[PDB]
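One structure is given here, and the rest of the page talks about it.
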Amino acid sequence: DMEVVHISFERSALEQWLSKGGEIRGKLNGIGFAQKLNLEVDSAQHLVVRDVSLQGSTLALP
Amino acid sequence: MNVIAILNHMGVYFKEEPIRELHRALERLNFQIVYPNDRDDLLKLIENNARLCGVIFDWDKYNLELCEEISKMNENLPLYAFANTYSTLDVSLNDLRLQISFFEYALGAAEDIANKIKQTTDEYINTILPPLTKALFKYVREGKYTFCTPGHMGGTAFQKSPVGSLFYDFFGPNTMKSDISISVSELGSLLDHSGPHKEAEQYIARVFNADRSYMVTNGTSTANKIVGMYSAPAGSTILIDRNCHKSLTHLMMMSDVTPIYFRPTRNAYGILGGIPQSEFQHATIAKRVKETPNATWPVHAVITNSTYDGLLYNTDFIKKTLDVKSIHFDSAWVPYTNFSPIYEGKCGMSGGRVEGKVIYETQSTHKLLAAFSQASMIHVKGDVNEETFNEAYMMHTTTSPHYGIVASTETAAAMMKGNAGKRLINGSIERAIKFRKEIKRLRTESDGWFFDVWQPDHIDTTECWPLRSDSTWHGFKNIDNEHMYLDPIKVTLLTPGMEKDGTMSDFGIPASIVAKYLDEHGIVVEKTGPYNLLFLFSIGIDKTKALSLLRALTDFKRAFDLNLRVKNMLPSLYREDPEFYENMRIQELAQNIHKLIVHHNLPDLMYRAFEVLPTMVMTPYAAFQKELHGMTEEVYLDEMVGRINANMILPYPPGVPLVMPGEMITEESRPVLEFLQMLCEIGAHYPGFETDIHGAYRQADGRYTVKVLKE
Amino acid sequence: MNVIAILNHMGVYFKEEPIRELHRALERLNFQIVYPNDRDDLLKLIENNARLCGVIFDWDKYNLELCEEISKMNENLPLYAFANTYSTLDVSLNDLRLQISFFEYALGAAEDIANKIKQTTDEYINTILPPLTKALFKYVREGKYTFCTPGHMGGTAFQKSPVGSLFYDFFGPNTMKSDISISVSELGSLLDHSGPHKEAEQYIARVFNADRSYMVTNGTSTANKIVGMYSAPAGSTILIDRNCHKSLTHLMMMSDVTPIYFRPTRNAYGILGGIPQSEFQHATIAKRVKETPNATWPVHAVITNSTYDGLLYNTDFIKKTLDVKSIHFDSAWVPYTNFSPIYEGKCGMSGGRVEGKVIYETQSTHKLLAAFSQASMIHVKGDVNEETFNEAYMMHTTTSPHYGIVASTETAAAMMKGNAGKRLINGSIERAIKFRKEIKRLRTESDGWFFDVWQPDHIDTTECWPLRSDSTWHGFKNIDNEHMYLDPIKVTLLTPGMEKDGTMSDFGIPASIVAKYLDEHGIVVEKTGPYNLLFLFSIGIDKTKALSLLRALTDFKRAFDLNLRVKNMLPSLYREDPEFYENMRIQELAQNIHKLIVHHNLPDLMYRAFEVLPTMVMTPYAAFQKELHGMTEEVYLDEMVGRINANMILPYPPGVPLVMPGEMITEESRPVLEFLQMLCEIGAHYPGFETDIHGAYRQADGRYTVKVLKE
Ligand SMILES: *Cc1c(COP(=O)(O)O)cnc(C)c1O
Ligand SMILES: *Cc1c(COP(=O)(O)O)cnc(C)c1O
């Protein structure tokens, strides 16, 4: 129930989810706690972020 | 697969005339026609006859007595039921898997009906078979590629040599054309694990309830080496079980690791018990780490579930107390603990995914199932490394596997799905419990001694008998409750010779004499020795082999009570030494061997030589390095106290290792050496009963010599 | 046609010996001999076996139990009854159409009897067949006229080409020999309306109750354009229905006329009702003439009776209220409203000639009957010009018609004549009503959801259920009583998902998923989309094809209640996208689609869109003139308000047109544009259920484009 322009992930927590699986936890706008998100894998090797409306969003690095 | 059943007779003519016209049409496409009688007649043509795929009956006669019993035996079985004008379904026919094909009673259209049955039968073949086996059968009739491996190319080179034609005509044309390498595009490669091979591994994991089952093309002895090299780097610590196999010994000799051996339980008859629950604790494992030099935290544990005899464990307690991230379950003898309600929560696959851990199972395929040799599976339940275990599989598997074994390995998994596969496990249990009741029935009513089954006093139930602490049949001193279970199909016959307290008796017959009598009729004994027996009652053991075993046991009592001769009973033993076994009878040999067991005291020396583990000096990997350099010597058996052996001692009986390659026999393991010298004296007076110990070489004087390491 | 029945075994020898002698004589001329049992056995050899033409029975045994039941089925069926010395007729055997051939019991005269049966059988063939078909079969066995069209001449050129032999050997030698044109003298010509073709047109109109009827050899789509161009000059006014066909739209684009669209009724499930009785008034039609520029008095009216779903209207009220001299009825789905008493006064042919008017009907032949494709009829009921209507028929029919379809077109009129054809029309209704009762029986007794038939609560009758105003099963508000009928052979399955008031629910499965589940067994839904399942229960659906549909419906409930996977249920859908449809079950897909319908609000954006009509700027004939000159362009779907389209929008679902070629979307038809944009969003998330609109081209980004005209 809020807008976001950048999402930060932890390197020690990203390698575990991309190898063993499960769920990922990441904060929003660099503040707050590491909330759970609906992140999945893409067919074109990307990161699609799903929300409550089943919308796609490809992540990118600066 | 060409049996068509036509049940019942309506007595009219407009319904029997289409049957007579169809009788002459189905025979043109190679189909057997059978005419069953009543309802109980058709039920016997399915359980006993598996090559049936067509059931023709009137829909307006038995719409509920046939659609319920057939559904309990096969789900995809075609039902060529003929309906009428006023025909409808039933409310009790919604939750049943059936394949009903409706037709009419039209004259002249019998030819069109025969084409529909043949096409429907072809759909049944292309459905129950996996995509890997189906593609192999279709490749023979269509795929005709040239310039490929192997060089025979479907048996072409064998048709140009006189000696090659005899080898080609033995198997068949479809046999040689099915042996193809990875030179086929529409079948994929096994090393690549793509195409048909990708869906084949996911199909077996769904049937046997696993994540991604594998198909080993070298056997069970090889699968234990690939998995062992995963959770055991060059310098770690593993928790291998004491009751290990010959293949597990070479695993410790090829990896620079420090294994820790357990202390399983045992009785006096020789039946291998299990590991107590105290060894799975955290304070017990951590205590042996400091006492063992060069050993860190254990990262792998090997558990033999079940053992060679047939005693399951309790995985509901090991997967919570044993804090090992890599627990192994050598399921090389129980490839069925899934398709039965009396086997829930007893193996590694039953249950959920344990977090932070992983379960390995090397289930043997060509042991208690139906497939070619050199076949095994790997059941992984957890999280492993992707770029680690992949390299370990290619080091023991060739680049050109034999698809004839792969097609039979996945076939055993396809034979278990549905009601047709569930009746194979439950059918062997019902035949085993019935055989257990026939022993107790022929024991009290008989007049004299009779065989006994190692089973509780109450076998009325149909489940795994737990080994409680208030019983006297198991004979295990201080056993954990709700931890050791009994295998119903593993019937353990106990010959009269010992008491219930662990001592001996005056009248007794060893199990080695009975094992030689069963081989005369063709019955091969799996395990034998002191006063115990073991047989394999898998899904391939029908009611003929079960009833034939009891008849061979009753004939041994008749030949022993009447006091017959050895020549007129054991012709194979007489040919070994006709001079010594001349005037000897069956009662003289059975009593002379029984006195040697009491004199040499076998149950006391065997029970004390297995509990005290010898002192392990170095790791088993370092013992093999000294052998390649040429630092091995052969010494006598009576001159070896304080030396390091080179091979593994496997005395028969029993069937468990004694001294691991790399251990030393000091003053603590004194009864261990006494067990080897006792078998050399009892197995040297009567021919045929020689001492069988893997590792002891026989000389020209009688004293066995072992291979040790130089100082 | 070579089945001979011999009923009743007297037991004596002087009557059974001539039967044995006749058994060996009839087989020499290719005849099958059957022996029924009792009286009920012979009755089953006629309704199910239609290739029978000989019944042999004792006249002095069953003279009243067989001459009454057989007469109710076939009238011209020969009866080879054997009489005796004291034999006579009955007073109750005078008003029955039978063909009894008496004989005797004489030895040696069995050869003369066989010649009389073959001659009598030939008389039955030369009677039930029309003279047009009789001339076609006789020309194959005896006609040898050379130098005729086509060039193959029975398949002569096919015997000289390697590829031509495969196409000739598939059908048969007698198939190509019947392919002749107007190059035959003893068969006449179809365009000349003389000879056998003259008597064929009078035979079809007499059976179907008509004055003059033709034989269209290009389907119903062509017959509608011939009649429409007969009473619609350039610049007149026609009354075409809104629920028209693809061919009916092109008729407005080929003639410069001013059409006036009606306002049919509709509900929320997508089933279109009919035209209300208020639209047929004189003040309603005359009001739309002044509002529409360039429009005179309507001289032709096109009424779709029945529609695509199968809903009969009330012709007893249209032929008195509608003041149109040329009323047309699109009877492309009811080629049988005459052979049953529950269809009187429901079509145009039923009744009499209307004074000052004429009725046109295009009864389809290959749709719901038994004939080759591309076959239609033109039923004319009135006083029309023969020299004028004949020239309009040649404008779309070639000079060399295909007699293979013409022979089957008249065959449908002969297969329904008599009591033998009435058992097929009424038989399909009885099989349809029986299937309707099997759904309600398996709905309350079941434990959970079940399919529902769009039918009233009381179906305990055999007639057309009227759509009253005090019912909730149809859901048509402001409906007129005694105007809307129901076709019993048009079972519309209503899948759960909506309520009875027209809103949405919480648990339901769309009809699009069920449509693909039936395709695996060989069942294609005629109309699917929202929550309806239309099926065709014509004469081609026997008791086998009807009961096979109920079994597939019960399997969908079992597979959905147990929560199965998509790969293990829908193999055709899994091959479209194995990556996306991997970890998906049947319950996850059924719930995600149901939420998209409620979110996008489908029943509201479809009911309001079909109610309003876009502003028709010019006539549909003028829109096609601008397309030939090249004044067309492709624009986006979101940028088209205020433009004139070039093609007809046909979105799936449902199956009715949306915007006619030549209309403009202004501010009145706002929900019309919202219906197109809603389907583009719901049909893009999950594969397989893409948007199907005949007129919207798919690009490379997702947005569809339409074809409009240049400004
Ligand atoms: C019999 C056995 C093996 C050997 O099986 P193969 O498939 O023939 O190699 C390996 N491990 C155990 C525990 C066995 O009992
Ligand atoms: C199916 C249909 C047609 C087309 O029928 P054909 O004989 O194939 O030309 C024409 N009009 C209506 C109303 C139809 O349902």
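For the structure tokens, the naming scheme is as follows: chains receive sequential letters (A, B, ...) according to their order of presentation, residues are indexed from 1 within each chain, and ligands are indexed from 1 in presentation order.
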
- request: List every residue of region 44-162 of chain C that DSSP, applied to the backbone of this structure, places in strand (DSSP E or B), and write the result as a list in words.
  value: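 Those in region 44-162 of chain C that DSSP calls strand (DSSP E or B) are residues 52, 53, 54, 55, 56, 58, 78, 79, 82, 99 and 100 of chain C.
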
message: So that I can check the secondary structure, give me every residue of region 319-479 of chain B assigned alpha helix (DSSP H) by backbone DSSP, as a PyMOL selection string.
response: chain B and resi 319-321+386-394+403-414+419-444

Just to be explicit: take each residue in the selection above, keep C-alpha atoms, and write the result as a PDB file, in the first residue's frame.
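Below is the file that was written, again-v5.pdb:
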```pdb
ATOM      1  CA  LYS B 319      15.255 -37.045  11.303  1.00  0.00           C
ATOM      2  CA  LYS B 320      14.890 -34.978  14.510  1.00  0.00           C
ATOM      3  CA  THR B 321      17.589 -36.205  16.908  1.00  0.00           C
ATOM      4  CA  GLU B 386      24.355 -28.392  -8.292  1.00  0.00           C
ATOM      5  CA  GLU B 387      28.020 -28.020  -9.326  1.00  0.00           C
ATOM      6  CA  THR B 388      29.383 -30.837  -7.154  1.00  0.00           C
ATOM      7  CA  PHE B 389      27.385 -34.070  -7.356  1.00  0.00           C
ATOM      8  CA  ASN B 390      27.199 -33.794 -11.157  1.00  0.00           C
ATOM      9  CA  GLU B 391      30.949 -34.363 -11.515  1.00  0.00           C
ATOM     10  CA  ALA B 392      30.804 -37.408  -9.220  1.00  0.00           C
ATOM     11  CA  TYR B 393      28.314 -39.239 -11.459  1.00  0.00           C
ATOM     12  CA  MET B 394      30.376 -38.988 -14.660  1.00  0.00           C
ATOM     13  CA  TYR B 403      19.452 -48.292 -22.722  1.00  0.00           C
ATOM     14  CA  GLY B 404      18.259 -51.876 -22.254  1.00  0.00           C
ATOM     15  CA  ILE B 405      18.881 -51.527 -18.520  1.00  0.00           C
ATOM     16  CA  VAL B 406      17.427 -48.007 -18.356  1.00  0.00           C
ATOM     17  CA  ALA B 407      14.218 -49.190 -20.035  1.00  0.00           C
ATOM     18  CA  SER B 408      13.841 -51.949 -17.431  1.00  0.00           C
ATOM     19  CA  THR B 409      14.799 -49.693 -14.512  1.00  0.00           C
ATOM     20  CA  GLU B 410      11.968 -47.247 -15.209  1.00  0.00           C
ATOM     21  CA  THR B 411       9.657 -50.174 -16.012  1.00  0.00           C
ATOM     22  CA  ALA B 412       9.774 -51.343 -12.385  1.00  0.00           C
ATOM     23  CA  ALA B 413       8.539 -47.898 -11.328  1.00  0.00           C
ATOM     24  CA  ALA B 414       5.742 -48.085 -13.907  1.00  0.00           C
ATOM     25  CA  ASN B 419      -4.211 -50.857  -8.244  1.00  0.00           C
ATOM     26  CA  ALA B 420      -2.346 -53.386 -10.410  1.00  0.00           C
ATOM     27  CA  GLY B 421       0.897 -52.443  -8.649  1.00  0.00           C
ATOM     28  CA  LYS B 422      -0.479 -52.066  -5.133  1.00  0.00           C
ATOM     29  CA  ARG B 423      -1.654 -55.695  -5.184  1.00  0.00           C
ATOM     30  CA  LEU B 424       1.945 -56.851  -5.722  1.00  0.00           C
ATOM     31  CA  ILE B 425       3.207 -55.514  -2.383  1.00  0.00           C
ATOM     32  CA  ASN B 426       0.091 -56.479  -0.420  1.00  0.00           C
ATOM     33  CA  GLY B 427      -0.054 -59.802  -2.261  1.00  0.00           C
ATOM     34  CA  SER B 428       3.430 -60.765  -1.091  1.00  0.00           C
ATOM     35  CA  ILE B 429       2.547 -59.778   2.483  1.00  0.00           C
ATOM     36  CA  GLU B 430      -0.607 -61.914   2.517  1.00  0.00           C
ATOM     37  CA  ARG B 431       1.374 -64.872   1.168  1.00  0.00           C
ATOM     38  CA  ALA B 432       4.058 -64.263   3.804  1.00  0.00           C
ATOM     39  CA  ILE B 433       1.644 -64.075   6.750  1.00  0.00           C
ATOM     40  CA  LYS B 434      -0.111 -67.207   5.479  1.00  0.00           C
ATOM     41  CA  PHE B 435       3.254 -68.984   5.338  1.00  0.00           C
ATOM     42  CA  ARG B 436       3.980 -67.832   8.899  1.00  0.00           C
ATOM     43  CA  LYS B 437       0.690 -69.305  10.132  1.00  0.00           C
ATOM     44  CA  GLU B 438       1.349 -72.636   8.396  1.00  0.00           C
ATOM     45  CA  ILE B 439       4.516 -73.103  10.471  1.00  0.00           C
ATOM     46  CA  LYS B 440       2.807 -72.645  13.844  1.00  0.00           C
ATOM     47  CA  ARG B 441      -0.072 -74.861  12.691  1.00  0.00           C
ATOM     48  CA  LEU B 442       2.252 -77.715  11.673  1.00  0.00           C
ATOM     49  CA  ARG B 443       4.302 -77.351  14.887  1.00  0.00           C
ATOM     50  CA  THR B 444       1.858 -78.265  17.668  1.00  0.00           C
TER      51      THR B 444
END
```

query: Residues at most 9 Å from ligand 2, using only C-alpha atoms and all ligand atoms? Could they come as a ChimeraX atom specification?
result: /C:218-224,243-248,304-308,330-333,362-367,373-376

Just the selected residues (N, CA, C and O atoms), exported as a short mmCIF file (atom, residue, chain, number, x, y, z; two decimals), in the first residue's frame, please.
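Listing of result.cif after writing:
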```
data_model
loop_
_atom_site.label_atom_id
_atom_site.label_comp_id
_atom_site.auth_asym_id
_atom_site.auth_seq_id
_atom_site.Cartn_x
_atom_site.Cartn_y
_atom_site.Cartn_z
N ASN C 218 -24.44 -25.47 -52.53
CA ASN C 218 -23.35 -24.66 -52.01
C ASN C 218 -23.64 -24.24 -50.58
O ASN C 218 -23.24 -23.17 -50.13
N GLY C 219 -24.36 -25.09 -49.85
CA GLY C 219 -24.66 -24.82 -48.45
C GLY C 219 -25.74 -23.77 -48.28
O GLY C 219 -26.26 -23.18 -49.22
N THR C 220 -26.09 -23.55 -47.01
CA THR C 220 -27.12 -22.57 -46.68
C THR C 220 -26.63 -21.14 -46.89
O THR C 220 -27.43 -20.25 -47.20
N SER C 221 -25.32 -20.91 -46.77
CA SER C 221 -24.77 -19.57 -46.92
C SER C 221 -25.06 -19.00 -48.30
O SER C 221 -25.16 -17.77 -48.46
N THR C 222 -25.18 -19.85 -49.31
CA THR C 222 -25.49 -19.40 -50.67
C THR C 222 -26.98 -19.23 -50.90
O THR C 222 -27.39 -18.31 -51.62
N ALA C 223 -27.81 -20.08 -50.29
CA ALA C 223 -29.26 -19.99 -50.50
C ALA C 223 -29.84 -18.71 -49.93
O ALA C 223 -30.85 -18.21 -50.44
N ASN C 224 -29.22 -18.15 -48.89
CA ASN C 224 -29.72 -16.91 -48.31
C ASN C 224 -29.49 -15.71 -49.22
O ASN C 224 -30.24 -14.73 -49.13
N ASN C 243 -29.16 -10.86 -34.97
CA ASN C 243 -28.43 -12.12 -34.81
C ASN C 243 -28.40 -12.84 -36.15
O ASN C 243 -29.04 -13.87 -36.37
N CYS C 244 -27.63 -12.28 -37.08
CA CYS C 244 -27.51 -12.80 -38.43
C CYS C 244 -26.28 -13.69 -38.55
O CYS C 244 -25.57 -13.95 -37.58
N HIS C 245 -26.03 -14.15 -39.77
CA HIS C 245 -24.91 -15.02 -40.08
C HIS C 245 -23.88 -14.26 -40.91
O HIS C 245 -24.15 -13.17 -41.43
N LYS C 246 -22.68 -14.84 -41.02
CA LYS C 246 -21.63 -14.23 -41.83
C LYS C 246 -22.07 -14.03 -43.27
O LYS C 246 -21.70 -13.04 -43.90
N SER C 247 -22.86 -14.96 -43.81
CA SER C 247 -23.34 -14.81 -45.18
C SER C 247 -24.44 -13.76 -45.27
O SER C 247 -24.59 -13.12 -46.32
N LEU C 248 -25.22 -13.58 -44.20
CA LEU C 248 -26.27 -12.57 -44.22
C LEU C 248 -25.71 -11.16 -44.21
O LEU C 248 -26.35 -10.23 -44.71
N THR C 304 -34.40 -14.80 -38.10
CA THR C 304 -33.55 -15.94 -37.76
C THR C 304 -34.33 -16.86 -36.83
O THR C 304 -34.40 -16.65 -35.62
N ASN C 305 -34.92 -17.90 -37.42
CA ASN C 305 -35.71 -18.88 -36.68
C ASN C 305 -35.32 -20.27 -37.16
O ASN C 305 -35.68 -20.66 -38.28
N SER C 306 -34.60 -21.01 -36.33
CA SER C 306 -34.21 -20.54 -35.00
C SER C 306 -32.82 -19.90 -35.03
O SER C 306 -32.20 -19.78 -36.09
N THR C 307 -32.34 -19.50 -33.86
CA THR C 307 -31.04 -18.85 -33.74
C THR C 307 -29.94 -19.91 -33.69
O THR C 307 -30.15 -21.08 -34.03
N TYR C 308 -28.74 -19.50 -33.27
CA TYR C 308 -27.63 -20.44 -33.20
C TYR C 308 -27.78 -21.40 -32.02
O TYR C 308 -27.28 -22.53 -32.08
N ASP C 330 -34.82 -18.00 -41.48
CA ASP C 330 -33.53 -18.67 -41.56
C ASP C 330 -33.60 -19.97 -40.76
O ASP C 330 -33.15 -20.07 -39.62
N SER C 331 -34.19 -20.99 -41.38
CA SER C 331 -34.37 -22.29 -40.75
C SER C 331 -33.17 -23.20 -41.00
O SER C 331 -33.31 -24.34 -41.45
N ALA C 332 -31.97 -22.70 -40.71
CA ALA C 332 -30.74 -23.44 -40.92
C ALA C 332 -30.43 -24.42 -39.80
O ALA C 332 -29.43 -25.14 -39.88
N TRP C 333 -31.27 -24.48 -38.76
CA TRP C 333 -31.03 -25.38 -37.65
C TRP C 333 -32.22 -26.28 -37.31
O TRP C 333 -32.12 -27.07 -36.36
N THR C 362 -34.73 -21.55 -45.73
CA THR C 362 -33.49 -22.17 -46.19
C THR C 362 -33.13 -23.30 -45.23
O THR C 362 -32.20 -23.19 -44.43
N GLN C 363 -33.88 -24.40 -45.32
CA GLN C 363 -33.64 -25.55 -44.45
C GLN C 363 -32.33 -26.22 -44.84
O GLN C 363 -32.17 -26.70 -45.96
N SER C 364 -31.38 -26.24 -43.90
CA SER C 364 -30.09 -26.85 -44.16
C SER C 364 -30.23 -28.37 -44.26
O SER C 364 -31.05 -28.98 -43.57
N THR C 365 -29.42 -28.97 -45.13
CA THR C 365 -29.46 -30.40 -45.37
C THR C 365 -28.29 -31.15 -44.74
O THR C 365 -28.48 -32.26 -44.22
N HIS C 366 -27.10 -30.57 -44.76
CA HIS C 366 -25.91 -31.24 -44.23
C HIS C 366 -25.65 -30.89 -42.77
O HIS C 366 -24.70 -31.39 -42.17
N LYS C 367 -26.49 -30.04 -42.20
CA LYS C 367 -26.28 -29.58 -40.81
C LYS C 367 -26.70 -30.61 -39.83
O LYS C 367 -25.86 -31.21 -39.18
N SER C 373 -21.87 -32.48 -47.65
CA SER C 373 -21.77 -31.06 -47.34
C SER C 373 -22.17 -30.22 -48.56
O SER C 373 -22.30 -30.71 -49.68
N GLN C 374 -22.35 -28.92 -48.31
CA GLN C 374 -22.77 -27.96 -49.33
C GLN C 374 -24.09 -28.38 -49.98
O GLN C 374 -24.17 -28.68 -51.17
N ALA C 375 -25.14 -28.39 -49.15
CA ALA C 375 -26.48 -28.77 -49.60
C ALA C 375 -27.49 -27.94 -48.84
O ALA C 375 -27.43 -27.84 -47.61
N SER C 376 -28.43 -27.33 -49.56
CA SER C 376 -29.47 -26.50 -48.97
C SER C 376 -30.71 -26.55 -49.84
O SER C 376 -30.69 -27.07 -50.96
#
```

field: Interatomic distance (Å, one decimal) between CA of residue 165 (chain C) and CA of residue 142 (chain B)
entry: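 Between CA of residue 165 (chain C) and CA of residue 142 (chain B) the gap works out to 25.5 Å.
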
query: Counting only C-alpha atoms, which residues of chain C come no farther than 8 Å from chain B, as a PyMOL selection string?
result: chain C and resi 35-37+41+44-45+48-49+51+438+442+445-446+543-544+547-548+551+554-555+557-558

What would the file look like if the residues just selected were written as a short mmCIF file (atom, residue, chain, number, x, y, z; two decimals), in the first residue's frame with C-alpha atoms?
```
data_model
loop_
_atom_site.label_atom_id
_atom_site.label_comp_id
_atom_site.auth_asym_id
_atom_site.auth_seq_id
_atom_site.Cartn_x
_atom_site.Cartn_y
_atom_site.Cartn_z
CA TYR C 35 -32.83 -66.97 -36.55
CA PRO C 36 -34.60 -64.86 -33.90
CA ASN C 37 -36.04 -66.41 -30.75
CA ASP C 41 -36.31 -60.88 -30.65
CA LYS C 44 -34.92 -55.80 -32.03
CA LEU C 45 -33.77 -56.86 -35.53
CA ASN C 48 -31.26 -51.59 -34.59
CA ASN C 49 -30.68 -53.50 -37.86
CA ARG C 51 -30.36 -53.81 -43.46
CA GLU C 438 -29.98 -38.03 -16.15
CA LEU C 442 -26.96 -37.01 -10.83
CA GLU C 445 -27.73 -37.33 -5.35
CA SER C 446 -24.15 -36.15 -5.94
CA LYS C 543 -27.52 -44.25 -27.94
CA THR C 544 -23.73 -44.75 -27.99
CA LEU C 547 -24.17 -42.05 -23.22
CA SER C 548 -20.50 -41.35 -23.98
CA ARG C 551 -19.37 -40.44 -18.77
CA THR C 554 -18.55 -37.39 -14.48
CA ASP C 555 -14.79 -37.73 -15.04
CA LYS C 557 -15.83 -33.81 -11.34
CA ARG C 558 -13.60 -36.65 -10.13
#
```

- request: Find, counting only C-alpha atoms, the residue in A:5, A:40, A:10, A:61 that gets nearest to residue 23 (chain A).
  value: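 Of the candidates, the smallest distance to residue 23 (chain A) is held by A:40.
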
message: Would you mind listing, as a ChimeraX atom specification, all residues of chain B that have at least one atom within 12 Å of chain A, where only C-alpha atoms are what counts?
response: /B:355-358,382-387

Can those selected residues be exported to a file as a PDB file, in the first residue's frame so that it contains N, CA, C and O atoms?
```pdb
ATOM      1  N   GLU B 355      14.191 -29.569   6.601  1.00  0.00           N
ATOM      2  CA  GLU B 355      14.983 -28.383   6.311  1.00  0.00           C
ATOM      3  C   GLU B 355      16.402 -28.541   6.843  1.00  0.00           C
ATOM      4  O   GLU B 355      16.628 -29.157   7.889  1.00  0.00           O
ATOM      5  N   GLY B 356      17.364 -27.989   6.106  1.00  0.00           N
ATOM      6  CA  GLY B 356      18.755 -28.056   6.506  1.00  0.00           C
ATOM      7  C   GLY B 356      19.395 -29.422   6.404  1.00  0.00           C
ATOM      8  O   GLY B 356      20.544 -29.580   6.827  1.00  0.00           O
ATOM      9  N   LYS B 357      18.694 -30.413   5.858  1.00  0.00           N
ATOM     10  CA  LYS B 357      19.222 -31.762   5.732  1.00  0.00           C
ATOM     11  C   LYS B 357      18.879 -32.307   4.353  1.00  0.00           C
ATOM     12  O   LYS B 357      18.246 -31.636   3.533  1.00  0.00           O
ATOM     13  N   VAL B 358      19.307 -33.544   4.104  1.00  0.00           N
ATOM     14  CA  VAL B 358      19.045 -34.221   2.839  1.00  0.00           C
ATOM     15  C   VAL B 358      19.089 -35.722   3.086  1.00  0.00           C
ATOM     16  O   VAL B 358      19.852 -36.211   3.925  1.00  0.00           O
ATOM     17  N   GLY B 382      15.893 -33.157  -0.306  1.00  0.00           N
ATOM     18  CA  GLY B 382      16.479 -32.028   0.398  1.00  0.00           C
ATOM     19  C   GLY B 382      17.095 -31.045  -0.584  1.00  0.00           C
ATOM     20  O   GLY B 382      16.623 -30.897  -1.712  1.00  0.00           O
ATOM     21  N   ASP B 383      18.154 -30.383  -0.126  1.00  0.00           N
ATOM     22  CA  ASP B 383      18.875 -29.393  -0.916  1.00  0.00           C
ATOM     23  C   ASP B 383      20.335 -29.805  -1.025  1.00  0.00           C
ATOM     24  O   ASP B 383      21.011 -29.984  -0.006  1.00  0.00           O
ATOM     25  N   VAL B 384      20.817 -29.951  -2.258  1.00  0.00           N
ATOM     26  CA  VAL B 384      22.200 -30.343  -2.506  1.00  0.00           C
ATOM     27  C   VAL B 384      22.882 -29.275  -3.350  1.00  0.00           C
ATOM     28  O   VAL B 384      22.274 -28.252  -3.687  1.00  0.00           O
ATOM     29  N   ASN B 385      24.144 -29.504  -3.695  1.00  0.00           N
ATOM     30  CA  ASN B 385      24.903 -28.595  -4.541  1.00  0.00           C
ATOM     31  C   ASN B 385      24.789 -29.038  -5.994  1.00  0.00           C
ATOM     32  O   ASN B 385      24.918 -30.226  -6.305  1.00  0.00           O
ATOM     33  N   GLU B 386      24.549 -28.072  -6.882  1.00  0.00           N
ATOM     34  CA  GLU B 386      24.355 -28.392  -8.292  1.00  0.00           C
ATOM     35  C   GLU B 386      25.679 -28.660  -8.996  1.00  0.00           C
ATOM     36  O   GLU B 386      25.772 -29.580  -9.817  1.00  0.00           O
ATOM     37  N   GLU B 387      26.708 -27.877  -8.692  1.00  0.00           N
ATOM     38  CA  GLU B 387      28.020 -28.020  -9.326  1.00  0.00           C
ATOM     39  C   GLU B 387      28.980 -28.813  -8.448  1.00  0.00           C
ATOM     40  O   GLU B 387      30.102 -28.388  -8.177  1.00  0.00           O
TER      41      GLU B 387
END
```

message: Excluding residue 53 (chain A) and its own-chain neighbours fewer than 6 positions away, which residues fall within 12 Å of it when counting only C-alpha atoms? Please give them as a PyMOL selection string.
response: (chain A and resi 38) or (chain C and resi 592+595-596+599+685)
